[PDB]
Amino acid sequence: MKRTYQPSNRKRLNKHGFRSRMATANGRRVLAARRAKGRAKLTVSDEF
Amino acid sequence: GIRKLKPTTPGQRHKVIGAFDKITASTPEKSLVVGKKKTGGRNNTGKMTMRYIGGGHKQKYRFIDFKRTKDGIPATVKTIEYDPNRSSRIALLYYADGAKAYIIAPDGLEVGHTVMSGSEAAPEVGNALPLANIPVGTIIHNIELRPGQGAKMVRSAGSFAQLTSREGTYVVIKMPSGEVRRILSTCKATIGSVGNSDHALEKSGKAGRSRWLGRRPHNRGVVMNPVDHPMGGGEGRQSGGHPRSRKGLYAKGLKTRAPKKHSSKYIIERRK
Amino acid sequence: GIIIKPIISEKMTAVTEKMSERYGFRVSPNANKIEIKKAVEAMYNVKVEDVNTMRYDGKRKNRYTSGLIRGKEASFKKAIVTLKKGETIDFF
RNA sequence: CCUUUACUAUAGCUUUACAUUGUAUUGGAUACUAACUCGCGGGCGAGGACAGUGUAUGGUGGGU
RNA sequence: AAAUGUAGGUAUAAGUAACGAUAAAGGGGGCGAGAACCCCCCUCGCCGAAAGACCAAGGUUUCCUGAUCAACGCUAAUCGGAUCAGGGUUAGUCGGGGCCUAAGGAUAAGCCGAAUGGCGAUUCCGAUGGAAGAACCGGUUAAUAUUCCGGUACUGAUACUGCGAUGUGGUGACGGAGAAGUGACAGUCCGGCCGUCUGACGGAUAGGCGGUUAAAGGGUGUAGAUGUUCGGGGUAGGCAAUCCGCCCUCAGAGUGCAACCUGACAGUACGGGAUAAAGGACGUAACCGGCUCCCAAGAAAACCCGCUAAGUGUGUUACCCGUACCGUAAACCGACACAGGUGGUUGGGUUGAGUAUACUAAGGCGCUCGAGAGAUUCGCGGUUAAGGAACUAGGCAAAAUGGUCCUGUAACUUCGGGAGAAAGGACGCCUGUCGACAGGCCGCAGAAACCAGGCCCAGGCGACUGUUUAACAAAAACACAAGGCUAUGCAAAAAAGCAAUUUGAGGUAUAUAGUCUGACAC
RNA sequence: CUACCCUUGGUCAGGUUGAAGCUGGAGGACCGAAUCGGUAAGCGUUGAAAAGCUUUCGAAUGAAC
Ligand SMILES: [K+]
Ligand SMILES: [K+]
Ligand SMILES: [K+]
Ligand SMILES: [K+]
Ligand SMILES: [K+]
Ligand SMILES: [Mg+2]
Ligand SMILES: [Mg+2]
Ligand SMILES: [Mg+2]
Ligand SMILES: [Mg+2]
Ligand SMILES: [Mg+2]
Ligand SMILES: [Mg+2]
Ligand SMILES: [Mg+2]
Ligand SMILES: [Mg+2]
Ligand SMILES: [Mg+2]
Ligand SMILES: [Mg+2]
Ligand SMILES: [Mg+2]
Ligand SMILES: [Mg+2]
Ligand SMILES: [Mg+2]
Ligand SMILES: [Mg+2]
Ligand SMILES: [Mg+2]
Ligand SMILES: [Mg+2]
Ligand SMILES: [Mg+2]
Ligand SMILES: [Mg+2]
Ligand SMILES: [Mg+2]
Ligand SMILES: [Mg+2]
Ligand SMILES: [Mg+2]
Ligand SMILES: [Mg+2]
Ligand SMILES: [Mg+2]
Ligand SMILES: [Mg+2]
Ligand SMILES: [Mg+2]
Ligand SMILES: [Mg+2]
Ligand SMILES: [Mg+2]
Ligand SMILES: [Mg+2]
Ligand SMILES: [Mg+2]
Ligand SMILES: [Mg+2]
Ligand SMILES: [Mg+2]
Ligand SMILES: [Mg+2]
Ligand SMILES: [Mg+2]
Ligand SMILES: [Mg+2]
Ligand SMILES: [Mg+2]
Ligand SMILES: [Mg+2]
Ligand SMILES: [Mg+2]
Ligand SMILES: [Mg+2]
Ligand SMILES: [Mg+2]
Ligand SMILES: [Mg+2]
Ligand code: NA
């Protein structure tokens, strides 16, 4: 059967990528929380 | 002016379509058409504000000249064309100087006629004159509300209005709805009726034709749940109470014209 | 520092054994063909006639510890250089 | 969570008063244009102290 | 010592369930301490509109080779998509990108708003589309190949042998359905030429087997198609809308056919040779962005051509990124080497209406536990005397019908239907004669297997085709074409939003919105 | 993922019937593969699968996928 995750690299970066996070105040708020935690992976732009 | 289909299939049993007999040309003018984008009833925020809109055939928009500003320059009717954007037909005009335009096709206007606009133009079918220069009792369409703005009233297929009286700076006009109101005498109108009067005799015949025209199915309120509609709920069929909309607006006689609109000064008799 | 090292492999030795003017180097991954022709000609003093290129990403070397310590070798670019017919190069 | 002629509120709609807001004739009407509003083209039209809006106030208000 | 209490470890059920589609295996050699499973060979079996071949998405080294068998592999393993090391992806033209714009997104001037901010162009971004810059066949590696090599082409720049945009025009530029005529490739048959062999048993020096090839580009203008037809706009112009003198489609578009072609594949013989290894008959839209009909009336911008305003020859050279491998799957999405899901192209032969069905080529596979034995019982299948729905809530399931052609078809009907109504007959092979006719032959059976309607009578509901409770309900529920009522005169009513603003609609009462009824007849 | 919408692309073997205008070739027309579904039965229920398989069945030029 068709499952929930059907990958598309173009969709992934448009929805969760680094440049989309930086485009809004609430996205930059997410980046600040992940930096303060010390995450090695900041966005999906890192795993690529 | 219509063509009734034989009952070969249950979908064709009750279908009646137009004969397309006034049409003289098959394709539109290149400089007067542009591709037209569809809304699904969504507004600029992306939310659906009008239901039951969606799908249908791709259509091009035609530039219709509702102002008729080329006053004094004669024009000649070249072709009569199909237009998917309106219920009436349209006519292509070649002006004597090189301009081209589309106008709503009046009933009785045919290829090879000459049309004109202006205050010094003959009151003939397809001519645009100020109401001051139009005789009393005439049949007219494409009525301006303000001078210089452009035709707004009496434009649908088969529609017409009669100029009944003169009052100085205002004329008295009877509208298709039965309302009687005063119009400024510097406004403009086109002599005749709108054509394609047999447009109200058509029968779609099947649900599919509605979808070609861009309409989506419409649900009754009594077959929903109370959370969706005030008329919903119940064990078995119920009447749903007083007819009202999703926001609770009475649907059986509530008047919605703003009771202090300024244009009420010009409305002499009302039917709407 | 365009040229990193020549290529001495089984495939390249056979290629040179057929085309005597054909050699292959490892070069910086961001150097273009025009630059590479300049470097091989300004260091071996020859007439380069044609350059072909290919880009290799490095091989991943995933070890395990307490698991999945990823590793990777540096990416490189391969340049296959054709000299003017009648010229050679000696790597010794 | 849902319903309503359960209770209490409330968005919205609607009434009047003050502000925006002026001038004549004869208060309350009639009339005007300069506040204010809309159209054309790049001033001319059409309205007009109304309308719209702020504050206060009565009514309505399972839409919430 | 107890909270269906938490972590770690170890028990019991138990040597039990199970080892993941019933497409299938047997033998001889080999390496090896070790072989049901690994390699080679002979036989057998399965797929073959696929379980073969080529891409996209996604994956990211799984690709090839050497070493290794601890762990992983539902068994063992000398094997592996496993571990380690080495190696492997080559472009002026392919696919991208560079150019253009769609939905949408970000904005400029402006507008709105406790803040954070929300809107807002003809501007920019953004392909799933458009580009006037252009390549195809073959061969070679353990692993790449329009990329390397061979042959034959094409496209930009560059060096030596009056122009006209930022404005404004033209072009680009577009639907669905339908069949026909002409006629390639593939494929089949007939018939020569080249090479090779003489095949368990009766017959055959007459046969068996493998070949006898081809694209882009160039030419011709052939089949066939289309054309005999002074005001309305783009070129002589001023910032597209009140003029005058001037060159035409009379030729366009176009298969097939020449040439490219003294390439190539297989097999023999030894890079070279046979080898420059005839031709036919069908078949055949690849002509066709064509033709005809219809209504639901079928993107945009740029490239490329105008206009004014303002002012051939040769040589060299062609940058960047992708290119391995999987990809109806053991490599992607499903925790698994999981019976599921996954877009596009191709897809030989006989049979056939067919891309159905059956059997086969090329190619790919025998599905990573076996061996004995042949109780009960279960899963999936086969047959059955006499009876024939007596079963059961209910003929559930199964059986039965089933093809082509020729006869023949009722009530009722909205005149279309009902209808393939129902009910019947013929069907193989040989001979001759003009698919048919007659005579004859064989069998229980001639539609030969596979494939392939059961039908009829009468009621309730819903007119009809559709839609629905992803995962217990597909229906009489929903929708529907159509009918009524009510609102709405245009900054329309109505909807969204704090507002600005947007939908309605750039529509205008034969229109739009709310609501109930639901073809039709009465 | 799913519901609806917007822009831009693609796909639908073969046969039958015979409307408008002997010809013609319409249709939310017929039979039936691909495909989209999910009627009935059997099986599975520490399953091969957290919804499947086999047989059967519906639609298959359109309100299609
Ligand atoms: K309804
Ligand atoms: K409610
Ligand atoms: K080995
Ligand atoms: K040859
Ligand atoms: K469904
Ligand atoms: Mg319900
Ligand atoms: Mg009741
Ligand atoms: Mg090269
Ligand atoms: Mg490259
Ligand atoms: Mg409440
Ligand atoms: Mg317990
Ligand atoms: Mg036991
Ligand atoms: Mg047991
Ligand atoms: Mg199990
Ligand atoms: Mg067992
Ligand atoms: Mg197995
Ligand atoms: Mg395959
Ligand atoms: Mg391998
Ligand atoms: Mg083992
Ligand atoms: Mg390996
Ligand atoms: Mg290209
Ligand atoms: Mg752009
Ligand atoms: Mg390969
Ligand atoms: Mg090649
Ligand atoms: Mg541009
Ligand atoms: Mg490859
Ligand atoms: Mg397995
Ligand atoms: Mg699919
Ligand atoms: Mg195909
Ligand atoms: Mg076949
Ligand atoms: Mg088959
Ligand atoms: Mg019996
Ligand atoms: Mg019997
Ligand atoms: Mg009984
Ligand atoms: Mg009984
Ligand atoms: Mg049954
Ligand atoms: Mg029904
Ligand atoms: Mg149905
Ligand atoms: Mg269900
Ligand atoms: Mg069900
Ligand atoms: Mg009803
Ligand atoms: Mg149908
Ligand atoms: Mg099927
Ligand atoms: Mg049916
Ligand atoms: Mg069917
Ligand atoms: Na040619």
Side-chain angles (χ1 to χ4, degrees), chain A residues 1-9 25, chain B residues 3 5-15 17 20 30 34-35 38-45 47-50 54 56-60 72-73 82 84-87 94-100 145-149 152-159 175-177 179 181 184 186 196-197 199-200 203-213 217-223 226-227 231 233 243-245 247-249 251-257 260 262-263 267, chain C residues 9-11 14 32-34 52-56 59-60 78 80:
Chain A
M1 315 135 78
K2 206 179 138 112
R3 294 307 190 188
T4 47
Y5 187 59
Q6 318 288 303
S8 151
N9 291 333
Chain B
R3 178 162 79 83
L5 291 99
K6 274 158 163 243
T8 54
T9 295
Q12 285 186 114
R13 194 179 268 282
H14 308 280
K15 182 199 225 187
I17 45 161
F20 308 113
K30 211 206 176 166
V34 71
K38 258 152 182 31
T39 85
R42 277 57 181 181
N43 78 348
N44 60 344
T45 85
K47 199 256 196 278
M48 183 199 46
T49 73
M50 303 300 272
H57 213 283
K58 204 190 217 343
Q59 303 150 321
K60 281 194 192 92
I73 304 136
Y82 182 84
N85 317 286
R86 50 193 91 251
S87 87
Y94 285 181
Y95 285 81
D97 63 14
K100 312 180 144 155
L145 186 63
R146 303 168 176 89
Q149 198 177 27
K152 271 181 167 243
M153 316 200 299
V154 199
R155 334 198 305 198
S156 295
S159 260
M175 308 282 294
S177 76
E179 199 215 67
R181 62 166 295 149
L184 268 156
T186 60
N196 212 42
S197 41
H199 161 81
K203 302 294 163 233
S204 273
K206 62 174 192 181
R209 186 137 182 310
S210 276
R211 317 292 311 260
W212 303 335
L213 288 176
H218 185 336
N219 259 70
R220 291 167 300 100
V222 296
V223 294
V227 66
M231 275 174 110
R244 48 215 199 275
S245 97
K247 276 171 101 192
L249 206 73
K252 234 77 193 153
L254 186 83
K255 284 146 148 57
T256 65
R257 193 169 155 81
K260 284 142 67 116
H262 182 276
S263 44
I267 283 166
Chain C
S9 67
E10 320 89 73
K11 186 181 162 163
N32 82 338
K33 267 177 211 185
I34 321 302
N52 291 55
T53 47
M54 54 186 109
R55 285 186 72 121
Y56 260 72
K59 281 222 199 93
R60 295 212 285 155
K78 239 150 100 163
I80 295 328

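Labels below follow one simple rule: chain letters A, B, ... track the order of the sequence lines, proteins then strands, and each chain is numbered from 1.
- In this structure, D:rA31 forms a base pair with D:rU23, meeting the Watson-Crick or G-U wobble definition at 3.5 Å.
- Syn is the conformation of E:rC303, whose glycosidic angle sits no further than 90° from 0.
- In this structure, of E:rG334, E:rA479, E:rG504, it is E:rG334 that holds the atom nearest to the side chain of A:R3.
- The ring of B:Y82 lies on top of the base of E:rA297, close enough and flat enough: under 5.5 Å between centres, under 30° between planes.
- Using a 4.0 Å heavy-atom cutoff across all strands shown, B:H199 reaches at least one base atom of the nucleic acid.
- Going from atom CZ of C:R60 over to atom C1' of E:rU83 covers 16 Å, rounded to whole Å.
- When the nucleotides E:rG514, E:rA494, E:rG298 are ranked by their closest atom to the side chain of B:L249, E:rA494 comes out on top.
- Taking atom CG on C:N52 and atom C1' on E:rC321, their separation rounds to 15 Å, with Å as the unit.
- A canonical Watson-Crick or G-U wobble pair links D:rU55 to D:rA17, with each of its two hydrogen-bond distances shorter than 3.5 Å.
- No canonical Watson-Crick or G-U wobble pair links E:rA85 to E:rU401 with each of its two hydrogen-bond distances shorter than 3.5 Å.
- Pairing partner, E:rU158: E:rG315, with both Watson-Crick or wobble hydrogen-bond distances short of 3.5 Å.
- Counting only heavy atoms from C-beta on, B:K152 has its side chain closest to E:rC490 among E:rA173, E:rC516, E:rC490.
- Across all strands shown, B:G56 has no heavy atoms under 4.0 Å from either base or sugar-phosphate atoms.
- Heavy-atom distances to RNA chain E give each of A:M1 and B:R209 a nearest nucleotide, and the one nearer the 5′ end belongs to B:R209.
- A close approach under 4.0 Å does occur between a side-chain nitrogen or oxygen of B:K260 and OP1 or OP2 of D:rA51.
- With both pairing distances under 3.5 Å, E:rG210 is matched to E:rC194 as a Watson-Crick or G-U wobble pair.
- Here the nucleotide nearest the side chain of C:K33, chosen from E:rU503, F:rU2, E:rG92, is E:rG92.
- No Watson-Crick or G-U wobble pair joins E:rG462 and E:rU90 with the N1-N3 or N1-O2 distance and the second distance both under 3.5 Å.
- Using a 90° window around 0 for the glycosidic torsion, E:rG81 falls inside it and is classed as syn.
- In the set F:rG27, E:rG87, E:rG416, the nucleotide with an atom closest to the side chain of C:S9 is E:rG87.
- For E:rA206 with E:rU198, the Watson-Crick or G-U wobble criterion holds, each of the two distances under 3.5 Å.
- Nucleotides D:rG63 and D:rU10 satisfy the base-pair criterion: a Watson-Crick or G-U wobble arrangement whose two donor-acceptor distances both fall under 3.5 Å.
- Listed candidates were E:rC295, E:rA509, E:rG514. Nearest to the side chain of B:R3 is E:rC295.
- Taken together, E:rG138 and E:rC149 constitute a Watson-Crick or G-U wobble pair, since both relevant N/O distances lie under 3.5 Å.
- With both atom-pair distances required to fall under 3.5 Å, no Watson-Crick or G-U wobble pair links E:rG95 to E:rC19.
- With distances taken from any side-chain atom of B:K6 to the nucleotides F:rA20, E:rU89, E:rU488, the minimum falls on F:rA20.
- Out of E:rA487, E:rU89, E:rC319, the shortest distance to the side chain of B:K255 is found at E:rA487.
- A Watson-Crick or G-U wobble pair links E:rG306 to E:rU168, both relevant atom distances lying under 3.5 Å.
- Distances were taken from every side-chain heavy atom of B:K58 (C-beta onward) to each of E:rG298, F:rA63, F:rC1; the shortest belongs to E:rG298.
- Comparing C:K59 and B:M153 by the nucleotide of RNA chain E whose heavy atom lies nearest to each, the residue mapping closer to the 5' end is C:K59.
- Comparing D:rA46, E:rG507, E:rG298 against the side chain of B:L184 picks out D:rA46 as the nearest.
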